[PDB]
Amino acid sequence: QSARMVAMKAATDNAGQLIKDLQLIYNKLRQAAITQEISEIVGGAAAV
Amino acid sequence: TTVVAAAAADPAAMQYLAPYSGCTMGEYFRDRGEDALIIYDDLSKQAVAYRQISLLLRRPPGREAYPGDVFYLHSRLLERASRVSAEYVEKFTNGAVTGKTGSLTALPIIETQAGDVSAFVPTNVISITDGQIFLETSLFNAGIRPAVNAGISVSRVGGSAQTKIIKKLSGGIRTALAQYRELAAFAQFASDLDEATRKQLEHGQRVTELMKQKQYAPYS
Amino acid sequence: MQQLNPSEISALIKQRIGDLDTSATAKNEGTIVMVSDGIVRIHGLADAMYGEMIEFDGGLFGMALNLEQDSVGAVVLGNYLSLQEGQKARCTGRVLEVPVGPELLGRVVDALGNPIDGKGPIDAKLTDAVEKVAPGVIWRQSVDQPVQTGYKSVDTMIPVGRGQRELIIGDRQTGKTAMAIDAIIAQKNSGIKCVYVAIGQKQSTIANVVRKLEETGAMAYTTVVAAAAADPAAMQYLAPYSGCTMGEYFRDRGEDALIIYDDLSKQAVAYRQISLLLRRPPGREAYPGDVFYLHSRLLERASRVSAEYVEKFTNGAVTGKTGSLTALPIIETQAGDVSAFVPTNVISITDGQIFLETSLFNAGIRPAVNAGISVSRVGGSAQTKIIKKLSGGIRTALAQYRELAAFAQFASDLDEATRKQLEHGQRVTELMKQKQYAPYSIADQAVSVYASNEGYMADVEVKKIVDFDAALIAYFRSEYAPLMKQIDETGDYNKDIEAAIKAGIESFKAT
Amino acid sequence: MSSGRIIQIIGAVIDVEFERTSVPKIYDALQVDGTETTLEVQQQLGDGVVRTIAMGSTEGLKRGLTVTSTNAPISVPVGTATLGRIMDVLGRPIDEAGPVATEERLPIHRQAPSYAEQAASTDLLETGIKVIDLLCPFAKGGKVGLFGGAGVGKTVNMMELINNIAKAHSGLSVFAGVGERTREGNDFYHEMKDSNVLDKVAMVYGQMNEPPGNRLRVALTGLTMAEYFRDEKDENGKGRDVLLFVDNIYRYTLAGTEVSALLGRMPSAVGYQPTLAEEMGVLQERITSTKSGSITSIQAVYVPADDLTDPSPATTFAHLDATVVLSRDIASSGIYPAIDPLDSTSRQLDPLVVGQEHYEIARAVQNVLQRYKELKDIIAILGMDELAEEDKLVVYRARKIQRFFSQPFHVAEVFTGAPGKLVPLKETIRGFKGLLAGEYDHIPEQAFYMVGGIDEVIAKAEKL
Amino acid sequence: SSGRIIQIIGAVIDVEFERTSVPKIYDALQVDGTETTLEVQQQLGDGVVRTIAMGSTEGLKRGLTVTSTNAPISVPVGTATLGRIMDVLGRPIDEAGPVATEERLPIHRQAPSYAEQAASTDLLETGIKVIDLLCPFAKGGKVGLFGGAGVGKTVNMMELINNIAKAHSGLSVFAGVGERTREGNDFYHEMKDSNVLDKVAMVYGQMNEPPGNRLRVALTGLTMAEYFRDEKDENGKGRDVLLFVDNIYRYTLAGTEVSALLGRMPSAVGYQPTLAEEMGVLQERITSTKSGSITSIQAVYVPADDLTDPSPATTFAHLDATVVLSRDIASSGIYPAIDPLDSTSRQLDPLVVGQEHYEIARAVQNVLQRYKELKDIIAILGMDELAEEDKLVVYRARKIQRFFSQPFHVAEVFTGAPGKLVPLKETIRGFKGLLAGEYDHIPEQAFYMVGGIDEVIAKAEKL
Ligand SMILES: Nc1ncnc2c1ncn2[C@@H]1O[C@H](COP(=O)(O)OP(=O)(O)OP(=O)(O)O)[C@@H](O)[C@H]1O
Ligand SMILES: Nc1ncnc2c1ncn2[C@@H]1O[C@H](COP(=O)(O)OP(=O)(O)O)[C@@H](O)[C@H]1O
Ligand SMILES: [Mg+2]
Ligand SMILES: [Mg+2]
């Protein structure tokens with residue numbers, strides 16, 4: 001019982017760490033997507 | 001066999017037009033009551049070259065610098081590839097040939113970036129084709145040669161283009177593959193599952209290995 | 001058809017109606033046409049040169065950017081709100097000059113050689129053109145000469161030679177500016193030159209640094225140039241070039257110097273703003289593709305050169321001396337953006353790089369040095385024989401240690417080899433720390449690292465060890481003063497010297 | 001003769017022509033003849049052609065209509081009477097209580113403060129709130145980052161800040177509503193009025209019912225107000241030191257993006273104006289102290305999309321000096337204010353700033369509060385009495401700390417009775433140090449709640 | 001007669017000529033005043049032509065006269081150029097006076113025809129365990145090095161030169177394209193310390209010069225190589241060709257620098273849409289023909305470590321051997337930092353390297369692949385929660401990684417240890433034994449930065 005308890009605690013901690021990781025990468029990707037699309041739009045508008 | 005060459009350093013329009021000529025020859029055989037096949041190698045380079053050509057014309061660009069008509073290009077290209085009625089060619093030959101019917105199959109190649117499928121040209125070509133045939137890198141890296149991913153590659157044609165025996169056999173094979181794919185997430189825990197599930201997994205493993213083959217070594 | 005030329009002006013048209021040629025005194029004076037945001041399109045200056053300074057009836061200066069069939073585009077040097085078209089400007093014939101020489105020391109000055117400190121009008125004997133190219137390859141000289149940081153970690157893992165280039169990089173308030181000023185103070189007997197450029201900083205901050213260097217007496221062999229955020233974009237975008245030009249003076253006299261580039265990132269931002277305001281089509285992250293060239297043009301100018309090259313620069317004025325120039329860049333990242341575009345470009349050009357980890361600084365480790373991604377491409381050629389011999393694999397061992405510890409965070413079945421490796425790695429970790437304004441002598445690091453490699457420190461407390469070192473040095477400088485005297489006078493490692501060090505170590509362990 | 005006539009109109013941007021011998025400079029002020037709308041020079045288009053923005057609605061207007069200039073940037077009333085008055089960006093009363101009393105007018109723009117005037121010292125503002133006073137001391141002429149959602153007493157904290165600065169340091173208060181929603185603005189007014197503090201503050205709002213230029217320039221408006229008050233010297237020189245309240249600077253950046261887009265200029269990395277940093281700075285450098293007088297800033301900050309790496313907050317942090325964050329749980333725990341005493345960061349947190357002992361004390365408090373925070377989970381799950389009794393002592397002491405950091409407010413006096421208590425350092429410091437010594441481990445947590453200095457705490461404890 | 005400037009922007013210039021004579025699309029242009037040369041770019045028509053700069057842009061004023069040569073850039077060629085360092089124009093910079101050859105050859109030509117295509121199928125060892133196992137070379141093949149910033153690409157280039165060119169007999173050419181001058185001076189001094197300096201001919205274009213010089217620099221060197229490959233040996237076909245290029249990506253970057261200024265609209269990214277064409281015309285000038293064989297070595301910078309930026313991807317399809325470095329692995333301290341996974345070679349079938357070699361390579365590759373998939377779970381769960389075979393796999397792969405670290409005779413400057421030139425036989429024997437598990441009782445560190453399996457055992461015993 002003790003060992004299972006400790007392992008669950010560690011699992012929770014690793015989950016939190018991975019959550020941080022994913023959140024950071026998500027922010028980066030959202031920024032990149034916005035950049036790409038706005039560049040597309042401005043180029044297309046500049047076409048005329 | 002015949003091959004037409006558009007080397008990387010060749011003039012852009014040469015690549016841009018070669019597949020059309022290849023289609024011309026393919027049809028030429030098809031219009032003789034015959035059937036044959038052609039292979040399209042990486043329409044991606046062709047698309048990029050046509051992009052360049054268009055841009056030089058100061059053409060109105062679109063997403064990923066692509067004008068919309070690239071669709072129209074590929075459509076009217078692949079549209080030409082199909083099988084015709086014997087009557088059609090027979091009258092085309094003006095009765096020179098009566099029995100046979102014409103047919104033509106083609107295979108285009110699309111190259112993916114990070115295996116992405118949402119890419120514009122892949123999106124289009126998939127929307128056009130009869131179905132997908134897909135290969136995954138890691139499977140080739142998993143020794144799976146070829147590395148077909150049956151999870152996503154299908155054909156709307158179905159067994160209609162298979163002989164009696166092979167259609168008769170393929171069923172349980174597909175079923176076993178589906179089962180094994182189903183239990184992928186637990187594949188690393190074969191210690192507490194059901195015994196019958198273990199048997200299904202073992203069968204999937206064996207058939208998986210059965211799908212290995214060398215190169216240049218086709219089977220009757 | 002297309003838009004109007006911003007040069008077809010009813011006045012100009014009527015003038016050509018009167019007569020076509022002899023326009024504006026053969027184009028010696030120009031008249032402004034188009035005004036926006038420190039950017040000025042002007043008609044009528046063909047005598048003007050690309051990249052030339054442009055005088056104004058406003059008493060200000062302009063930067064030549066676009067020489068075109070009918071008009072010229074230029075950027076404003078200083079505030080532009082006092083402007084309007086229909087005003088007069090001219091071409092100086094001089095091209096982008098700036099004062100330079102010994103007189104510059106201990107002055108706070110604008111990016112145009114203008115005294116912003118108000119401590120008397122600064123004079124000069126020579127000015128110089130700002131934009132130049134770095135000398136030829138047959139004129140460079142391999143870097144071999146020490147540069148001091150007074151830092152245990154830096155001097156140990158990352159030697160720095162005169163004429164090399166090493167990036168300092170981290171997140172906001174990781175002590176980057178602190179590292180730089182330490183380096184500056186670390187030069188007070190080297191007799192080498194040093195100068196500081198700041199980009200887009202608060203005037204208060206600039207004054208803080210100014211006063212710090214004052215009280216430290218640093219304002220005796222140094223000069224500072226300010227690019228505050230209030231300053232016009234072009235000013236900031238140009239200031240590093242002026243700093244480079246000022247520095248090269250002494251390398252042109254066969255002497256070495258260090259220039260401190262602060263906030264090159266903000267400089268890049270400003271230049272990007274300029275380019276976009278010029279309707280320049282952008283690429284990734286809106287930066288124009290020349291940013292790589294932008295920085296490289298600056299960076300390559302600072303280096304070590306062949307003595308005959310300067311002897312050529314001299315007219316025999318120098319009998320042959322090794323000319324060199326070292327620089328220090330600063331790049332700021334956004335929460336571990338190590339793969340970020342601009343920094344990646346920077347690394348491509350630098351000969352060395354140092355990155356500081358945020359959490360370890362928050363974990364109190366100062367300086368919080370990521371030994372992993374921190375290198376000096378020259379290697380041991382930049383340190384005395386003592387450091388060369390004592391060091392050699394320590395940084396790599398530390399990196400492998402941290403890798404194992406990261407893998408062992410869910411492992412608890414260590415053997416003795418890995419257990420002792422992790423223990424020693426922790427040990428060496430806490431070794432590598434010091435406080436702000438704590439210049440180490442070389443002998444300090446020498447005896448410390450020798451003891452570390454000699455297991456005199458694995459036996460002591462992970463906490464007390466810092467005291468174990470401080471008191472150790474105190475003991476040693478108390479007792480063996482001529483020994484460290486000699487070695488820091490020379491930096492020489494001899495076997496008898498090693499025996500004396502061992503004697504000092506054992507005497508300390510006896511106390 | 002400055003009358004120019006409209007030539008072209010789209011949306012909000014406005015174009016006029018003038019004579020090629022008399023052309024207004026950029027940022028000059030244009031009043032439309034026969035109407036109360038105003039035009040702002042943006043870029044000289046040559047040929048006597050100027051492209052400008054309007055200040056308000058644009059309706060009914062038609063081309064060829066005459067407009068004059070002022071040959072100068074915008075000037076607004078400034079003076080002592082400006083308190084208790086709500087004006088527009090143009091400094092024109094909207095309280096509808098008569099015109100502005102002063103005849104003193106100053107142009108909105110001026111260059112950045114001289115390098116020579118940056119005061120050669122850096123010291124700390126005294127406040128009586130007992131929390132920032134230890135953990136995040138403010139510099140003199142600093143920028144304070146403030147975060148957290150509404151309903152946690154933001155207005156209340158501002159109330160207390162104003163009360164203290166005006167009371168002890170005789171500070172004057174200016175508030176700027178960037179992108180304000182009218183209802184909360186009116187509520188804030190009524191609060192200014194009931195709590196007898198209105199007479200000491202100057203108020204200007206820009207609503208989100210206005211074209212962007214209004215919202216952009218209310219900032220500089222309030223800024224200049226503050227500049228005038230500070231540079232207004234006192235007896236024997238030494239004009240006051242003042243505090244500036246500005247809401248949602250992120251809205252400011254957004255409005256800047258607005259006007260840049262309307263000019264037809266390409267976006268930035270995310271899509272902001274490429275010139276973003278320029279206006280950000282231009283705002284910043286006029287926020288500082290001087291050899292005469294000082295100015296300090298409180299700025300409401302909102303982080304859209306929770307991106308600490310977004311360009312707008314990134315540029316913000318380039319000038320931030322202290323960070324204060326507001327909690328929801330802490331307020332729900334009946335602790336006011338709900339300042340998290342664990343995320344607030346101060347550039348001034350250095351032994352070279354607050355002194356040696358003060359620095360170490362604060363660090364020790366931080367350690368205790370951390371230590372207890374990681375204790376919390378174990379206390380929850382594995383009970384309490386399964387730990388080191390020293391750890392339990394830590395628990396009690398940290399609980400006392402948290403109970404103590406809240407205090408009555410002099411503004412809270414009118415709210416719920418219970419007159420507030422002003423407290424400086426050197427007593428907070430001593431009391432906290434003694435608490436760290438554990439010499440008060442014989443007292444319930446109650447004596448620390450809703451109370452002033454440690455002397456008061458012991459008075460209550462004896463009386464409890 | 002002569003033309004003159006109309007406008008100046010950056011490195012792009014315009015000249016006005018009489019309709020009687022307008023220059024051809026590529027021709028050398030002499031600024032009649034200062035010392036600057038121009039290359040024709042476009043036939044802007046109506047006597048208007050657009051060009052690029054070959055020197056600094058300064059002193060140039062709108063209207064200054066300029067003449068044509070009616071001839072494109074032609075530089076000296078031949079043995080007299082060897083052992084020398086010339087500029088992008090062939091002018092000496094080594095202060096060795098003028099080159100004693102008067103043979104001249106243009107920088108532009110057509111790609112070799114298909115009929116003249118030759119095929120190289122002859123192995124080429126490197127003495128490098130991870131490469132010689134996972135990336136065999138054919139003498140005369142196309143080999144490229146992919147890698148991000150500072151990932152050690154240059155070091156690998158020098159190591160390969162040391163372990164091939166010296167053992168090679170015959171001429172050799174290498175050119176850097178936008179490089180750090182320090183390394184250039186060092187490398188030149190290095191050959192000067194050696195005696196192969198005569199055998200090599202040397203070219204620089206660096207990140208300190210106007211972008212025009214940055215642009216068409218490699219053309220000179222590759223033309224040198226074309227000459228040499230086509231130079232018939234005295235009574236025989238020409239000696240092989242040793243080619244070495246630095247930072248081919250810099251070529252594309254140089255094109256990018258002006259691509260906009262040509263009035264071209266941006267491509268899918270700021271790149272030029274022409275990209276592929278100027279890439280290919282470069283690439284196809286590198287094949288080995290019936291006459292002569294050319295060995296191409298290319299270090300390729302990776303922007304933002306994005307392998308799938310347009311430039312790396314597009315370049316990628318022109319090499320038989322693929323070699324990419326991984327930033328994290330270097331951050332893990334291993335040298336060389338070559339990914340076992342992505343790096344490939346077309347010479348990898350059992351029909352070339354031998355059945356046994358192919359089998360061993362396949363096996364070790366599959367093991368590493370398996371571990372890589374497995375690597376995530378242990379991040380969540382304890383490694384013990386895995387099957388015993390899985391633990392064996394983990395340890396095997398980790399020790400393989402350790403074994404890949406190979407000390408080099410250039411890396412001693414960084415550390416001090418000597419390099420290792422391991423014969424392929426020892427490599428294959430050691431790996432068969434490892435995948436035989438003959439060493440599943442050995443500490444992992446016994447494999448790190450070592451030579452052969454015998455050295456691994458010696459280290460383990462020294463442990
Ligand atoms: N080695 C050290 N020991 C103790 N304190 C340090 C050390 N290095 C830096 N600090 C502290 O860190 C604080 C902030 O660092 P610093 O202001 O130098 O960062 P910065 O480079 O200016 O970054 P930014 O440009 O974001 O302000 C300083 O007040 C200083 O006291
Ligand atoms: N074989 C090796 N052993 C140890 N360190 C190496 C080795 N190869 C490269 N390095 C390290 O990697 C860096 C190589 O950078 P370099 O190759 O000069 O530039 P780039 O890779 O960007 O072309 C050096 O700083 C060196 O410390
Ligand atoms: Mg700093
Ligand atoms: Mg490189």
# chains A, B, ... in the order shown; residues from 1 in each chain; ligands from 1
>>> residues_near_ligand(ligand="ligand 3", cutoff="7 Å", atoms="only C-alpha atoms and all ligand atoms", output="tab-separated table (two decimals) with C-alpha atoms, in the first residue's frame")
chain	number	residue	atom	x	y	z
C	173	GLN	CA	17.35	39.43	-15.17
C	175	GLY	CA	22.56	38.80	-14.37
C	176	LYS	CA	23.84	39.28	-17.90
C	177	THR	CA	24.68	42.91	-17.27
C	262	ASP	CA	24.07	44.88	-24.60
>>> residues_around(residues="stretch 25-40 of chain A", least_positions_apart="4", cutoff="9 Å", atoms="only C-alpha atoms", output="count of residues only")
26
>>> select_by_dssp(residues="stretch 224-357 of chain C", states="alpha helix (DSSP H)", output="PyMOL selection string")
chain C and resi 233-251+264-277+291-299+307-313+341-349
>>> residues_near_ligand(ligand="ligand 1", cutoff="7 Å", atoms="only C-alpha atoms and all ligand atoms", output="MDAnalysis selection string")
(chainID C and resid 172:179 366:367 434:436) or (chainID D and resid 318 347 350)
>>> residues_near_ligand(ligand="ligand 4", cutoff="10 Å", atoms="only C-alpha atoms and all ligand atoms", output="tab-separated table (two decimals) with N, CA and C atoms, in the first residue's frame")
chain	number	residue	atom	x	y	z
C	345	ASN	N	20.96	32.18	-35.29
C	345	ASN	CA	21.82	32.91	-36.21
C	345	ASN	C	23.08	33.40	-35.51
C	347	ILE	N	24.69	32.20	-32.89
C	347	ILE	CA	25.63	31.12	-32.61
C	347	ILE	C	26.41	30.75	-33.85
C	348	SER	N	25.73	30.74	-35.00
C	348	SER	CA	26.38	30.44	-36.26
C	348	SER	C	27.60	31.29	-36.50
C	349	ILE	N	27.69	32.46	-35.86
C	349	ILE	CA	28.77	33.40	-36.11
C	349	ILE	C	29.77	33.43	-34.96
C	350	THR	N	29.30	33.23	-33.74
C	350	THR	CA	30.17	33.32	-32.59
C	350	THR	C	31.16	32.16	-32.55
C	351	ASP	N	32.27	32.41	-31.87
C	351	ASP	CA	33.28	31.40	-31.59
C	351	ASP	C	33.15	30.82	-30.19
E	147	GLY	N	23.33	19.76	-40.15
E	147	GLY	CA	23.58	20.11	-38.77
E	147	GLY	C	23.23	21.55	-38.47
E	148	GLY	N	22.74	21.78	-37.26
E	148	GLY	CA	22.39	23.12	-36.86
E	148	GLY	C	23.61	23.96	-36.55
E	149	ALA	N	23.43	24.95	-35.69
E	149	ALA	CA	24.48	25.90	-35.36
E	149	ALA	C	25.43	25.26	-34.37
E	150	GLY	N	26.73	25.33	-34.66
E	150	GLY	CA	27.74	24.94	-33.69
E	150	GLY	C	27.74	23.48	-33.35
E	151	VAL	N	27.01	22.66	-34.09
E	151	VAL	CA	26.88	21.26	-33.77
E	151	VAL	C	28.12	20.47	-34.14
E	152	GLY	N	29.19	21.14	-34.56
E	152	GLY	CA	30.45	20.47	-34.75
E	152	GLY	C	30.70	20.09	-36.19
E	153	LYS	N	29.92	20.69	-37.09
E	153	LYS	CA	30.03	20.36	-38.50
E	153	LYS	C	31.44	20.58	-39.00
E	154	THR	N	32.01	21.73	-38.69
E	154	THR	CA	33.31	22.08	-39.22
E	154	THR	C	34.35	21.07	-38.76
E	155	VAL	N	34.30	20.71	-37.48
E	155	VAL	CA	35.23	19.75	-36.89
E	155	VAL	C	35.17	18.46	-37.68
E	178	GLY	N	30.93	32.03	-46.98
E	178	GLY	CA	30.41	32.75	-45.85
E	178	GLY	C	30.83	32.08	-44.56
E	179	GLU	N	32.12	32.11	-44.26
E	179	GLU	CA	32.65	31.42	-43.10
E	179	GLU	C	33.34	32.39	-42.16
E	180	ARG	N	33.61	31.88	-40.96
E	180	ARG	CA	34.36	32.61	-39.95
E	180	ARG	C	35.84	32.61	-40.32
E	246	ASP	N	31.89	24.39	-47.75
E	246	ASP	CA	31.42	24.83	-46.44
E	246	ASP	C	30.17	25.67	-46.60
E	247	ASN	N	29.10	25.26	-45.92
E	247	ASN	CA	27.90	26.07	-45.75
E	247	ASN	C	27.27	26.44	-47.09
E	299	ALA	N	28.83	20.53	-45.94
E	299	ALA	CA	28.26	20.82	-44.64
E	299	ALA	C	27.09	21.77	-44.83
E	300	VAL	N	25.95	21.42	-44.24
E	300	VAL	CA	24.70	22.13	-44.48
E	300	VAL	C	24.19	22.65	-43.15
E	301	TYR	N	24.14	23.97	-43.01
E	301	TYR	CA	23.53	24.57	-41.83
E	301	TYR	C	22.03	24.32	-41.82
E	302	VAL	N	21.48	24.12	-40.63
E	302	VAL	CA	20.05	23.89	-40.47
E	302	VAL	C	19.47	25.08	-39.71
>>> closest_residue(among="E:98, E:430, E:303, E:210", to="ligand 2", atoms="only C-alpha atoms and all ligand atoms")
E:303
>>> residues_around(residues="stretch 1-8 of chain A", least_positions_apart="6", cutoff="10 Å", atoms="only C-alpha atoms", output="PyMOL selection string")
(chain A and resi 14) or (chain C and resi 410) or (chain E and resi 381-382)
>>> write_last_selection(atoms="C-alpha atoms", output="JSON list (two decimals), in the first residue's frame")
[["chain", "number", "residue", "atom", "x", "y", "z"],
["A", 14, "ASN", "CA", 5.41, 13.91, -13.63],
["C", 410, "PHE", "CA", 13.08, 7.91, -11.01],
["E", 381, "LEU", "CA", 6.52, 4.93, -14.98],
["E", 382, "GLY", "CA", 9.45, 3.27, -13.28]]
>>> atom_distance(atom1="atom CA of residue E:461", atom2="atom CA of residue E:441")
11.7 Å
>>> interface_residues(of="chain E", to="chain C", cutoff="7 Å", atoms="only C-alpha atoms", output="PyMOL selection string")
chain E and resi 6-9+58-62+94+149-150+180-182+184-186+207-209+256-257+269-270+304+331-333+382+413-415
>>> closest_residue(among="C:469, C:329, C:335, C:488", to="chain A", atoms="only C-alpha atoms")
C:335
>>> closest_atom_pairs(of="chain D", to="chain C", cutoff="8 Å", atoms="only C-alpha atoms", output="JSON lines")
{"residue": "D:23", "atom": "CA", "partner": "C:84", "partner_atom": "CA", "distance": 7.5}
{"residue": "D:24", "atom": "CA", "partner": "C:84", "partner_atom": "CA", "distance": 7.8}
{"residue": "D:25", "atom": "CA", "partner": "C:84", "partner_atom": "CA", "distance": 6.0}
{"residue": "D:26", "atom": "CA", "partner": "C:81", "partner_atom": "CA", "distance": 6.4}
{"residue": "D:42", "atom": "CA", "partner": "C:36", "partner_atom": "CA", "distance": 7.5}
{"residue": "D:43", "atom": "CA", "partner": "C:36", "partner_atom": "CA", "distance": 4.8}
{"residue": "D:44", "atom": "CA", "partner": "C:35", "partner_atom": "CA", "distance": 4.9}
{"residue": "D:45", "atom": "CA", "partner": "C:34", "partner_atom": "CA", "distance": 5.8}
{"residue": "D:46", "atom": "CA", "partner": "C:34", "partner_atom": "CA", "distance": 5.5}
{"residue": "D:47", "atom": "CA", "partner": "C:9", "partner_atom": "CA", "distance": 6.7}
{"residue": "D:112", "atom": "CA", "partner": "C:230", "partner_atom": "CA", "distance": 6.4}
{"residue": "D:115", "atom": "CA", "partner": "C:203", "partner_atom": "CA", "distance": 6.1}
{"residue": "D:116", "atom": "CA", "partner": "C:117", "partner_atom": "CA", "distance": 6.8}
{"residue": "D:118", "atom": "CA", "partner": "C:204", "partner_atom": "CA", "distance": 5.9}
{"residue": "D:119", "atom": "CA", "partner": "C:204", "partner_atom": "CA", "distance": 7.8}
{"residue": "D:120", "atom": "CA", "partner": "C:207", "partner_atom": "CA", "distance": 7.2}
{"residue": "D:265", "atom": "CA", "partner": "C:277", "partner_atom": "CA", "distance": 7.6}
{"residue": "D:266", "atom": "CA", "partner": "C:276", "partner_atom": "CA", "distance": 7.1}
{"residue": "D:268", "atom": "CA", "partner": "C:286", "partner_atom": "CA", "distance": 6.5}
{"residue": "D:269", "atom": "CA", "partner": "C:285", "partner_atom": "CA", "distance": 5.1}
{"residue": "D:274", "atom": "CA", "partner": "C:273", "partner_atom": "CA", "distance": 5.4}
{"residue": "D:275", "atom": "CA", "partner": "C:273", "partner_atom": "CA", "distance": 6.1}
{"residue": "D:277", "atom": "CA", "partner": "C:229", "partner_atom": "CA", "distance": 7.7}
{"residue": "D:278", "atom": "CA", "partner": "C:229", "partner_atom": "CA", "distance": 7.0}
{"residue": "D:281", "atom": "CA", "partner": "C:229", "partner_atom": "CA", "distance": 5.4}
{"residue": "D:282", "atom": "CA", "partner": "C:230", "partner_atom": "CA", "distance": 5.6}
{"residue": "D:285", "atom": "CA", "partner": "C:230", "partner_atom": "CA", "distance": 6.6}
{"residue": "D:288", "atom": "CA", "partner": "C:204", "partner_atom": "CA", "distance": 8.0}
{"residue": "D:309", "atom": "CA", "partner": "C:334", "partner_atom": "CA", "distance": 5.5}
{"residue": "D:319", "atom": "CA", "partner": "C:202", "partner_atom": "CA", "distance": 7.6}
>>> residues_around(residues="stretch 79-84 of chain B", least_positions_apart="6", cutoff="9 Å", atoms="only C-alpha atoms", output="PyMOL selection string")
chain B and resi 23+26-27+30-31+33+35+101-106+128
>>> write_last_selection(atoms="C-alpha atoms", output="compact mmCIF listing (two decimals), in the first residue's frame")
# COMPACT_ATOMS: atom_id res chain seq x y z
CA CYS B 23 -0.55 10.70 -70.03
CA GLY B 26 -0.84 6.15 -71.78
CA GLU B 27 -4.07 7.18 -73.45
CA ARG B 30 -5.65 2.87 -73.96
CA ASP B 31 -7.25 4.03 -77.20
CA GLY B 33 -8.41 -1.33 -76.83
CA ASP B 35 -4.68 -1.21 -71.08
CA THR B 101 -11.87 -2.59 -73.66
CA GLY B 102 -9.49 0.19 -72.74
CA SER B 103 -8.13 0.90 -69.28
CA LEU B 104 -5.37 2.88 -67.61
CA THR B 105 -4.15 3.03 -64.01
CA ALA B 106 -1.70 5.61 -62.70
CA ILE B 128 -9.10 13.41 -55.78
>>> closest_residue(among="C:157, C:481, C:302, C:112", to="ligand 2", atoms="only C-alpha atoms and all ligand atoms")
C:157
>>> residues_around(residues="residue E:287", least_positions_apart="2", cutoff="12 Å", atoms="only C-alpha atoms", output="PyMOL selection string")
chain E and resi 111-114+116-120+139-143+222+225-226+229-230+241+243+280-285+289-296+318-320
>>> select_by_dssp(residues="stretch 35-252 of chain E", states="strand (DSSP E or B)", output="JSON, numbers by chain")
{"E": [37, 38, 39, 40, 41, 42, 43, 44, 45, 48, 49, 50, 51, 52, 53, 65, 66, 67, 68, 74, 75, 76, 85, 86, 92, 104, 105, 106, 117, 123, 124, 137, 138, 142, 143, 144, 145, 146, 147, 172, 173, 174, 175, 176, 177, 200, 201, 202, 203, 204, 205, 233, 236, 241, 242, 243, 244, 245, 246]}
>>> residues_around(residues="residue D:74", least_positions_apart="6", cutoff="7 Å", atoms="only C-alpha atoms", output="number ranges by chain")
D: 28-29, 107-108
>>> closest_residue(among="C:356, C:336, C:16, C:144", to="chain A", atoms="only C-alpha atoms")
C:336
>>> residues_around(residues="residue D:216", least_positions_apart="5", cutoff="10 Å", atoms="only C-alpha atoms", output="list in words")
residues 89, 178, 179, 206, 211, 221, 251, 252, 253, 254, 255, 256, 258, 259 and 279 of chain D
>>> closest_residue(among="C:217, C:461, C:159, C:184", to="ligand 2", atoms="only C-alpha atoms and all ligand atoms")
C:159
